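In what follows, a single structure is set out as structure tokens and then discussed.
Don't worry about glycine lacking a Cβ; one is built from the backbone with ideal geometry, like all the others, and counts go over all protein chains shown. Each answer follows from the model by the rule given with it, or from the source it names; none is laboratory data.
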4 protein chains.
Amino acid sequence: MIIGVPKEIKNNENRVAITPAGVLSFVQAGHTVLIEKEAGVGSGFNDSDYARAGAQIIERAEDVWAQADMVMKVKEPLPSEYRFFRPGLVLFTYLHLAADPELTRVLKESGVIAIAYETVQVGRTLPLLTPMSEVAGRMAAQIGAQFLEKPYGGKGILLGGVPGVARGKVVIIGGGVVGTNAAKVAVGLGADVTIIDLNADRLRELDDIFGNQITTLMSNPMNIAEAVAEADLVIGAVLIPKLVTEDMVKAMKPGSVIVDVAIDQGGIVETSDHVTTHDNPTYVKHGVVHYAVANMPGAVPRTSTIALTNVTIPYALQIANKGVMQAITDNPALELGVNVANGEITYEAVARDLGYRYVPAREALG
Amino acid sequence: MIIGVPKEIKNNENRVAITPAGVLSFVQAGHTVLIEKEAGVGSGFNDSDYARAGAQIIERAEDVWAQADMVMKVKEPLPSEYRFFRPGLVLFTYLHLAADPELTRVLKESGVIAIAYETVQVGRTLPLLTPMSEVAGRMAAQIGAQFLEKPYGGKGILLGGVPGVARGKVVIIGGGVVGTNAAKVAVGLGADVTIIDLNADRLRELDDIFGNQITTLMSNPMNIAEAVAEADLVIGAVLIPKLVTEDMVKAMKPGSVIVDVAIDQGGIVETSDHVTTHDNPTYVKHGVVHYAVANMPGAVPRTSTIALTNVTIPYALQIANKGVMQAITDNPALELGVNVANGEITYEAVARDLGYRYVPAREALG
Amino acid sequence: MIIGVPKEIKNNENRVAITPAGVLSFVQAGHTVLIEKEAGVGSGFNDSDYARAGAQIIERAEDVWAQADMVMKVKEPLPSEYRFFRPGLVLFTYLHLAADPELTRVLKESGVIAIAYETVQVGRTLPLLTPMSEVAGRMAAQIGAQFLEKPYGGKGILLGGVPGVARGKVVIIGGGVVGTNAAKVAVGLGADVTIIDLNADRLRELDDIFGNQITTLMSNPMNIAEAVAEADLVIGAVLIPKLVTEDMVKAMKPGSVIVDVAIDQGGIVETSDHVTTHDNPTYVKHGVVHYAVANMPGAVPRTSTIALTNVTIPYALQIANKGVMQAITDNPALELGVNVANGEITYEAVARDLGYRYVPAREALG
Amino acid sequence: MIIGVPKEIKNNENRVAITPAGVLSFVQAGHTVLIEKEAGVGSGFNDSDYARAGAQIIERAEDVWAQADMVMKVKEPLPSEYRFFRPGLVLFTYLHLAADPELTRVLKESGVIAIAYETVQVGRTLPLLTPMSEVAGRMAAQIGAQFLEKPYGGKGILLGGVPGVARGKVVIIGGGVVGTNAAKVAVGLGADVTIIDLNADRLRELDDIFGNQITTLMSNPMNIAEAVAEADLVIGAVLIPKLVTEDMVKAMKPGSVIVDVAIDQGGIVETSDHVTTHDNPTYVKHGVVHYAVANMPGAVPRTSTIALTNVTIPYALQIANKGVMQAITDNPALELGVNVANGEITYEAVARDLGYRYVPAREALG
Ligand SMILES: NC(=O)c1ccc[n+]([C@@H]2O[C@H](COP(=O)([O-])OP(=O)(O)OC[C@H]3O[C@@H](n4cnc5c(N)ncnc54)[C@H](O)[C@@H]3O)[C@@H](O)[C@H]2O)c1
Ligand SMILES: NC(=O)c1ccc[n+]([C@@H]2O[C@H](COP(=O)([O-])OP(=O)(O)OC[C@H]3O[C@@H](n4cnc5c(N)ncnc54)[C@H](O)[C@@H]3O)[C@@H](O)[C@H]2O)c1
Ligand SMILES: NC(=O)c1ccc[n+]([C@@H]2O[C@H](COP(=O)([O-])OP(=O)(O)OC[C@H]3O[C@@H](n4cnc5c(N)ncnc54)[C@H](O)[C@@H]3O)[C@@H](O)[C@H]2O)c1
Ligand SMILES: NC(=O)c1ccc[n+]([C@@H]2O[C@H](COP(=O)([O-])OP(=O)(O)OC[C@H]3O[C@@H](n4cnc5c(N)ncnc54)[C@H](O)[C@@H]3O)[C@@H](O)[C@H]2O)c1
């Protein structure tokens, strides 16, 4: 198979859907990899690095997509890329089709086999989304610390204090992948950290991981109100009626900070109702700084690329070795990735949400 | 030399001034040790244990004191023991002579060489008092936890909480030997622990020992007021105008507990103005339980005996090998131990406080 | 729905089946909550706290039970409360019906829908019993430390020793919820801690949680005999022929302590054959102190109330929102809670043990 | 005595030379404190907070300086404040007189008793500079992490990586107060941290503090070259020929970051030859981002104020209680603070460096 990785073109997107490590996995298993010029550079991988791993460097986006059996990306194709679609092309990337009626329609009618990173799933987890959740949680505590600096609108404290000075209070809401990764960094900055979760077994697991390094708190509206009022930094760690209400935010001390990782989806914090750009990253409501930039992992493209590609490529490699049909037969997790194939919407919830007829991927590809 | 160790006779005193380990140190260096029957039993050392180490077991208190060159004890001789004094007798024990005008007078006029554990001193520390300070601090957090149990008058919490439940707040005032030993146990019980100290370098040392396991807080009246109000347990760790005022105690939550280790000396907590017995161990003022039992180390006599004897006997052994005069010549720390010799008060502060003429121990023994 | 929470009336029962946090969960979801006067006070929640959360404060027990659709408690109704039963009343509390033939008969014939906290079950665990197991294990190490104090009959040591003095040996038998919670506190007190378990995978899990902070030991009679003989404190952490025999206890050092958490059920320690009250808390057999007070969590009512209510109320809230029938249809864990409904014994093992006809709760409620 | 604390007027200076805690120390000891409006607000202390502690709030800078015996500040008086000087006025603040020939001349000829925080000294340490060193080191690792984000010019990594991804390399040069505080935060962010120091005993002390959490490396030019080349982040932790050479920086990987805490004094990094403002915070040389903003502690004014005032006020309080002459007689550390009194330069190194006659402070004040 021939695999192609164009440079990401969305604004300030510095990640890339393969690394030299990925190229070498494909080349060792008999395959050919094409990389557009400067694809890796935002993630500090140069054309020479990809070439040394055994890839061909391709001048023009167009020739990568045209010469490849499968294109891998990080983001969704933009309209400027619809031109490169073709029947039987495999596209492997983050798609978010349920919220992109238009992209779905063009993929469907262009004959694309479109595989979504975010719907590959083993049990209750999505293994190709986990890496960005992890990165996101690590980032949240770091960004929280930055916006607690007076120059960025914060009340001007260190989470760790210094000897003889009290520590900052970090309240994390949600103790899964995002929250657990945030708690590691917030404990490392020297904060008093409290992790709030609905699920008492998850709190027991966190008590076995963290011990005395944190406080675990059952999630209910009084526990959240009381915790958030005392908090220097609140981290909304629940990606999925709002858990932190305007009245709760109103009770917070001026110059406190709120980082809500689900800001793109509305958030769990009522006051965090809108997103913002890198150049205008916060707004203040009731004296409280709200960090509104989405795609935190986007701020550490090199970590985010390696974490993503560490888990995407072993899936991509099944497709290269076996072709899509055998790969999704052999691997039910990959099967749930196929959103579009051969004229049909092949993922139930996308079909339902947008009004097409669910057609199973295996059936669709016959 | 012949060394004698009577059984302690003060009420419920279970410690003892030597262990088999001590006996064996003396016997190996040429000496004879006498132990009264049941001397060690409150500390779980039996006559057979002392005998196996090479000691003689003596039926009657009187014969131990009469046959011995030096008697070692833990407490001060009671009036019931003045009868056993004699000129040239060495007594090595805890004396507290500055606060016992009467005992001092009888020791002076009986011709006793009286050596106080608590005035042996190297630099700024008293090495034969350190062990009871350590034991005391370890005990304070344990006793604090007990009196936070509802049956003992406390509000009924675990310092550690359980998963999903907040931890208790322990505020320790004083970050030296007592406080540092208390913080180890309070952190181990799972409390949020704050250590308050005047000395910013000591707070830096505690931050290097404990890291993120505690909060260090500079000592001033607002820091103490604010910390004590939030505290489930306050531990007064300063042995030396009161640091915790009635108004501060009044702001505390009902069922909170105060353990003040200097209760014998007045305390640093205004409300803790009196001491109490094991059978009536607390009183409540403003809803706050005050643990009033003195001699905490007395509750763990076996640990307290071993910790004491580990450091008293190497000093006692210099006296056995060299006689008092050479021992105090060779060892200035031991010299400062001699409070009474040969008619004179040989420790300045005792002479001053009680109105006798300071006479140096070396001069006094000539 | 109207929910009522009387004050617990068993002797010295200071817990309570709801907190302001619970009240607010019910009020936000459309419900009415009634609280009898002084219900929360043993757990340090006042009528004003419940009122501020949106509850009505009710003068007389009788009016709470009469005006409520569902009564929540901690303990079983006493005979003095049979008067308040009525057909169609929901009672949610700890029942222990298999061991209370009489209570079961009155609940059956009074027409009560009786739901037992202790038989709600997900897989192999009982989620509404877990919190008291956790509290119990945390308490066991603390009580162990207390009874090792000479005034309480112990040999007079600190588990942690002090510098230059050996640590105490804690042997915990059973490495599940109770034992794991005890090991956290015993390690925190500075003990040498050994955890004995039958299940080598649980020992591997404990080695990953605790590392070098403990010794894991396979459970067999020689490992237990040898461990218990060396132990200052033994904690029986197995709730379910006796694992510690009289001969094993006989080999222990005088002034050692045994806390057996299953004392109510006979225990795993042969010598611990009877229970005792707070005022007479131990007996000595073969020189070994046996702590015989049951209901350890009862000594920290405030922690125990919050830990219980953190998990009981989300179940109670399904009943309030959906009524018993829909709640147990939708939630098999809650279903296994229903012990008595509408004339029938609706929990197999209660029916079998007491000689009634098992009738499924859904069938029974038709 | 009357103490006055004006609002700091240097650009973006948000610290303040007293807190309510400080006010209360002064008021309890008989003194009067004046605070200008909005003095504390950059540090989140409001006029109401100072008033509640017992201070008078003063409308105009001028009236604070005129009515006060002693003015306390954080920064040096600006020219705009020379007007408020007067003979016999005590000024207590950070002065840096050796590098301010002009300020020194005006203080001398205005008759000011000028006491420098930064020359109070006990042994080899300056206790009123320690707090900003601590804050500075804590900040350096946090700022380092920020500038490793791609949007701030960095190569785009997390220091901690995520599971399956390598950690970032932090190299700290200097293992004293600044470096040790940086290492705590860099270890907490999950970096591989190496601390370089000349002094092998300091490396032994760091190995006892940190254990396996760091690598200690002896300082020599090859160790530094090799460490810096492998480093994602270098922190210059030496306040005092350059330790990191342009050739060493040239060998670093593009998008690496250098935070040199002595940037104000020239730095230990050759490439870091100039300082920059908050709005233009870095420059790139040889692909390496150089953070050039000075006064890091200035970014966390509230922590910095509390850490400073925790140690300045106990010195200020000796002056209030005893007057300058007795205070500096009784306290040699404070004595070395007096830089200017009563016409003379009273600190040797200032006199020498600027060409005046050293006159001892006690002599000068006669
Ligand atoms: N698309 C999704 O959001 C989704 C759904 C299921 C699982 N996942 C998996 O988890 C990752 C996403 O990270 P995540 O940390 O947000 O999810 P997660 O499942 O790892 O954790 C979410 C946590 O939030 C807790 N929670 C839910 N409601 C809460 C409330 N009201 N109050 C407090 N806590 C509450 C849950 O108990 C859980 O522990 C993905 O990488 C995937 O592996 C994703
Ligand atoms: N007899 C004494 O009380 C005495 C005096 C000097 C040293 N020591 C040594 O210390 C042991 C006694 O233990 P200790 O822990 O009480 O003494 P310690 O000297 O070890 O510690 C006392 C601590 O209290 C702090 N402190 C003092 N005033 C304070 C205040 N107002 N607010 C907050 N902190 C304050 C000090 O800075 C110090 O760190 C003895 O074993 C001996 O070695 C004894
Ligand atoms: N009613 C019960 O006793 C019961 C039964 C099943 C599970 N549970 C769950 O566990 C909690 C009760 O706590 P727990 O810690 O007693 O139970 P647990 O299941 O958490 O742990 C008991 C432990 O004892 C060990 N064990 C059993 N026999 C042993 C032996 N002979 N020697 C040594 N170890 C032995 C088991 O391997 C297990 O690890 C409840 O909260 C519930 O969640 C309860
Ligand atoms: N004004 C000063 O710079 C100064 C001088 C002496 C002490 N101090 C004290 O220290 C604080 C200042 O912080 P700091 O951390 O910079 O000083 P510090 O004295 O705490 O530490 C500096 C460290 O740098 C190390 N070092 C020196 N030359 C080195 C080299 N070539 N390579 C590697 N390591 C080297 C030293 O061994 C020392 O451990 C002040 O708060 C004060 O307490 C200040």
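Table for the structure above
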{"read-out": "Failed item in (1) over 20 Å from the mean Cα position of the chain (by Cα); (2) under 23 Å from A:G211 (Cα atoms), with B:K184 passing the rest", "value": "(1)"}
{"read-out": "Residue ID - nearest to ligand 3 (Cβ to nearest atom), chosen from residues in region B:224-241 that are part of a loop (DSSP other than H, G, I, E, B) and crowded, with 16+ Cβ neighbours inside 10 Å", "value": "B:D232"}
{"read-out": "Residue in region D:158-172 that is within 13 Å of ligand 4 (Cβ to nearest atom) and crowded, with 17+ Cβ neighbours inside 10 Å present", "value": "yes"}
{"read-out": "Condition met for D:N310 (assigned to a helix (DSSP H, G or I), in contact with a strand residue (DSSP E or B) (Cβ under 9 Å, 6 or more places away or on another chain) and either not β-branched (V, I, T) or not assigned by CATH to the domain that holds D:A114 (or both))", "value": "yes"}
{"read-out": "Options B:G337, B:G298; residue that is within 14 Å of another protein chain (Cβ to nearest Cβ) and within 29 Å of B:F85 (Cβ to Cβ)", "value": "B:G298"}
{"read-out": "Selected residue [of a type in the set (A, V, I, L, M, F, W, C), assigned by CATH to the domain that holds D:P151 and under 29 Å from B:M218 (Cα atoms)] from D:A316, D:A294, D:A327, D:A333", "value": "D:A294"}
{"read-out": "Residue in region D:243-255 that is outside the structural domain of D:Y117 (by CATH) and in a strand (DSSP E or B) present", "value": "yes"}
{"read-out": "Conditions (1) within 11 Å of chain D (Cβ to nearest Cβ); (2) part of a helix (DSSP H, G or I); (3) buried (at least 23 other Cβ atoms within 10 Å of the Cβ): number failed by A:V187", "value": "(3)"}
{"read-out": "Tally of residues being outside any helix (DSSP H, G or I), buried (at least 24 other Cβ atoms within 10 Å of the Cβ) and not small (G, A, S) across region C:15-33", "value": "5"}
{"read-out": "Selection from region A:207-223 of residues that are of a type in the set (A, V, I, L, M, F, W, C) and either surrounded by 23 or more Cβ atoms within 10 Å (Cβ to Cβ) or outside any helix (DSSP H, G or I) (or both)", "value": "A:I214, A:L217, A:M218"}
{"read-out": "Test for B:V178: is it more than 7 Å from every other protein chain (Cβ to nearest Cβ) and of a type in the set (V, I, T)", "value": "yes"}
{"read-out": "Residue that is surrounded by the most Cβ atoms within 10 Å (Cβ to Cβ), among those in region D:36-48 that are under 23 Å from the mean Cα position of the chain (by Cα) and more than 14 Å from chain B (Cβ to nearest Cβ)", "value": "D:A39"}
{"read-out": "Some residue of region A:320-337 being part of a helix (DSSP H, G or I) and touching a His at 6+ places or on another chain (Cβ under 6 Å)", "value": "yes"}
{"read-out": "Any chance D:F147 is more than 10 Å from chain A (Cβ to nearest Cβ), of a type in the set (A, V, I, L, M, F, W, C) and over 21 Å from D:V300 (Cα atoms)", "value": "no"}
{"read-out": "Subset of region D:114-133 that is among the β-branched types (V, I, T) and either more than 8 Å from ligand 4 (Cβ to nearest atom) or under 12 Å from the mean Cα position of the chain (by Cα) (or both) - its residue that is surrounded by the fewest Cβ atoms within 10 Å (Cβ to Cβ)", "value": "D:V122"}
{"read-out": "Matching residues in region C:260-283 - criterion: being of a type in the set (A, V, I, L, M, F, W, C), out of contact with any helix residue (DSSP H, G or I) (no Cβ under 6 Å at 6 or more places or on another chain) and either in a loop (DSSP other than H, G, I, E, B) or within 14 Å of chain B (Cβ to nearest Cβ) (or both)", "value": "C:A262, C:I268"}
{"read-out": "Sole exception among (1) in a helix (DSSP H, G or I); (2) touching a helix residue (DSSP H, G or I) at 6+ places or on another chain (Cβ under 6 Å); (3) more than 14 Å from chain A (Cβ to nearest Cβ); (4) not basic (K, R) for C:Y315, by number", "value": "(3)"}
{"read-out": "Selection status of D:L89, more than 14 Å from every other protein chain (Cβ to nearest Cβ), more than 16 Å from ligand 3 (Cβ to nearest atom) and out of contact with any helix residue (DSSP H, G or I) (no Cβ under 6 Å at 6 or more places or on another chain)", "value": "yes"}
{"read-out": "Unmet criterion (only one of (1) in a loop (DSSP other than H, G, I, E, B); (2) under 30 Å from C:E102 (Cα atoms)) for C:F45", "value": "(2)"}
{"read-out": "Tally of residues being outside any strand (DSSP E or B) and closer than 17 Å to D:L243 by Cβ across region D:169-182", "value": "6"}
{"read-out": "Residue check, B:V162 within 11 Å of chain C (Cβ to nearest Cβ), within 16 Å of ligand 3 (Cβ to nearest atom) and either more than 28 Å from the chain's Cα centre (by Cα) or farther than 21 Å from B:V288 by Cβ (or both)", "value": "yes"}
